[PDB]
């Protein structure tokens, strides 16, 4: 309630400022950057690209990003700390598990997983001493048996520490409904949970049913769109064919329904991406050259033109992330 853990140590709530709540320095796999840095050109090339991108985001007003890369996204907190220092942008790191856990995770019990998540929140990630400030989980449709354990362990870790949970969904399958059911069965307050990738759907009944019971709604992929690349099957499968304007208008829709305090907005951008097809990063950068600066440079002015106030947008980009991230059992 007074401090948020970043990769450079605790910061005060007021220090977080304008915060992107779902981003990645690098979307990869555990051990991969260490074993095959040439996949990204070089580790130094990846660092340089990330620092340039974060510096441009800072110039556009961003002060903090939440890197929601887990163990199995290949989160490298030493890389995050290096990039954070060079760009003067706070980075909050994550624990949890995404959609690609290895056997040594997939075989674990709910108690074992809770110990692992608590390790990364309360003690440190690997031998770095850097502590996670958020817990990331994932489903893609109906939860697998192991994913049910992950969601329950995430709830237990959050209940012990006050650190929030943020989720990956297949939004068009309404995953948030089952995620909410499992979280609530463990006693977790919806005020500690962001149901993410929720801008992947236009179903207002699904989105308002989550918001009505107190969940935060992660509209976190605004620039993801393959409009202009129908020839590219893999880019279309990843990014979808809805426009960024269509995604951004969901922010206005939820404001107009009274949920402005529960909206979290982000780009879900990356500076490297080995867990998808080769050269996807080049395709993505062609779609959105602004990178993580897309939200402040393009989405905020778009919503202002559509009649959203500056005050409301400041509440969504500053006040809501601080309330979400500040450790508490009830926000």
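Residue numbers count along the first chain shown, from 1.
Next on the checklist: Quick check on the record: does 13-21 or 303-311 carry the larger mean Cα temperature factor?
Outcome noted: According to the PDB entry, the answer is 303-311.
Next on the checklist: On mean Cα temperature factor in this entry, is 109-117 or 84-92 the higher one?
Outcome noted: Between 84-92 and 109-117, it is 84-92 that shows the higher mean C-alpha B-factor.
Next on the checklist: Using only the C-alpha B-factors in the record, can you name which of 102, 164, 214, 221 has the highest?
Outcome noted: Spelled out: the listed residue with the top C-alpha B-factor is 221.
Item to check | Per the PDB entry, maximal CA B factor within 267, 69, 279, 29 | outcome: That would be 279, according to the entry.
Next on the checklist: Please say which third, lowest, middle or highest, residue 176 falls into when its CA temperature factor is compared across its chain.
Outcome noted: CA B-factor rank for residue 176: middle third.
Item to check | residue 129 - Cα temperature factor, lowest/middle/highest third of chain | outcome: As the PDB entry reports it, the C-alpha B-factor of residue 129 lands in the highest third of its chain.
Checklist entry - What third of the chain, by the recorded C-alpha B-factor, contains residue 136? => result It falls in the bottom third of the chain.
Item to check | Chain third (lowest, middle, highest) by recorded CA B-factor, residue given as residue 192 | outcome: As the PDB entry reports it, the C-alpha B-factor of residue 192 lands in the lowest third of its chain.
Item to check | Third assignment of residue 64 from its chain's C-alpha B-factors | outcome: For residue 64, whose C-alpha B-factor we compare with every modelled residue in the chain, the answer is the middle third.
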